[PDB]
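Every residue, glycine among them, receives a Cβ derived from its backbone with ideal geometry; neighbour counts consider all protein chains shown. What follows is calculated from the coordinates using simple rules that are stated; it is not laboratory data.
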Amino acid sequence: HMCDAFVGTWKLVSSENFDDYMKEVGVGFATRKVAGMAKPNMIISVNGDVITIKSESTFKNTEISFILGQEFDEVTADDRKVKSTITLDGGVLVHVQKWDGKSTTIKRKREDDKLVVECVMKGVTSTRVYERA
Ligand SMILES: C=CCn1c(S)nnc1OCc1ccccc1
């Protein structure tokens, strides 16, 4: 019953500062432009201890499945090959991605009827808000 409030199908409704976040990550011009247009649907489900987060968009489709606290390999939408670990901290899903001596953290939380995603790379934050589809 851990992540019950996250489960469902969600659609992106707003984004702030995502271009600056992508720049800080190292994403190149053309990928930033295309990725920045996309309005992904995020599909979250749970089966036993395994959480699956799918992103379906016009830019890229991705899917990760994981157990909390247990590191996994992830290929991101912008084609980084990262090592990821996702934990639950006070009701917030905290997703750390490590690659090439770099790190970024993506936090997902329920706020009212929204699912709010905060993406941080060094001093740069982007906030992405999803609503139920
Ligand atoms: C980090 C946020 C996770 N997310 C959301 S929210 N929409 N798309 C996402 O994929 C990650 C990404 C896309 C493009 C460039 C770098 C990273």
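A few comments on the model shown:
- Exposure proxy ranking, count of Cβ atoms within 10 Å, fewest first, for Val92, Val27, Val13: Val13, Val92, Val27
- Approximate spin-label separation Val75-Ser103, in nm, with each point projected 7 Å along Cα-to-Cβ: 2.6
- Each residue, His1 and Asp113, gets one label point 7 Å from its Cα in the Cβ direction; the gap between the two is 2.5 nm.
- Pair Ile67, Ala30: separation of 7 Å Cα→Cβ label points (nm): 4.1
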